[PDB]
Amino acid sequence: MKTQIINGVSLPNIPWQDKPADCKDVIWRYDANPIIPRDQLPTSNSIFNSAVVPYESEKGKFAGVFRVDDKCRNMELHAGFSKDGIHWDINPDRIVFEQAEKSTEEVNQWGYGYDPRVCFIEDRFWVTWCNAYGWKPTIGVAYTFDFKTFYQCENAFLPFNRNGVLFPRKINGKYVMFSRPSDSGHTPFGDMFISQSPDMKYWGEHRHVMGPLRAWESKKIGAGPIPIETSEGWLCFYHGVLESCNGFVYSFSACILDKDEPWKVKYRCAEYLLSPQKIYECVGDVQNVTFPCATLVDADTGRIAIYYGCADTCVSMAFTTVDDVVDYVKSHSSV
């Protein structure tokens, strides 16, 4: 492989399909999407925008935290497990957080939770999600050792904020998180930022990453899945939005960020890499949405399994390789 994975893991059992002969694109979709349908739970209206990591357990080789909206259209998080990373066993009830410290008992009342991202750091799995604080969106933080008990920490930021995604390790001795300042409604703007923390409680040294640039990403952008560490820097899949007369179209692509200062962009692909085109992407609760929240990387082969939400209804998968994405990113670089 021309581009090496750093601090990756060996995933010979990575969900995978080969790139169809007629497929002329960098990324190709799994041939039996969606892998998690809207009604997989008795109480679920939709299941989408969901986080997955390799994790060995009684129920399989992968685990995850899943955005589940019930028939009240309440937004919740459910833990889930899988042997092959495709057919998922999702807890019927929501994660009920325990507080890591007693000092956050008052403040962390449950309201809602959506769009989680999950990664392992040094000794545990960290969950971020869009958490309600007094019914306002900010970034929630929790950790878990076993995806059974979840320990909630302080919300990282003030509202209004969304798309909080942790880098998978400390950089220069500091935890680093993508976020994306927003508002109280259907946010019509959006630049990506990073913020830094020595202890995962106090955040600062905020740095602007990038903002809306090309047409497909002209209205707003946001961080997708956990950054992938690479010979070239941080490989970051991200979402971008185009505004039509009828609403929003959510596509995603990728950029490469400087290894030591992730807010500096080395390359940024000028094209989307996947956009709403199939029936399950264009038809649902929210039309024309493809929203990546997790990837699996096999460091041995550089194969990538991408999980993305479709039309805010279901979860689908797609495949590509680190070499293929990096190559295309660099060969079609914006600015």
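So that there is no doubt, residue numbering starts at 1 and follows the sequence shown.
215-223 and 99-107 differ in mean CA B-factor, and the higher of the two is recorded for 99-107. Higher mean CA B-factor, judged across 60-68 and 266-274 from the recorded values: 60-68. Annotation for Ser179, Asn155, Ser244, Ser231: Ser231 ranks highest, by Cα B-factor. Across the options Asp115, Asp191, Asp199, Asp89, the residue with the most elevated CA B-factor in the record is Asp89. In the PDB entry, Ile121 places in the highest third of its chain by CA B-factor. Annotation for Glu76: C-alpha temperature factor in the middle third relative to the rest of the modelled chain, per the entry. The deposited CA B-factor of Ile35 belongs to the middle third of values across its chain. Ranked by Cα temperature factor within the chain, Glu205 sits in the lowest third according to the deposited record.
Sort the chain's modelled residues by C-alpha temperature factor and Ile14 lands in the highest third, per the entry.
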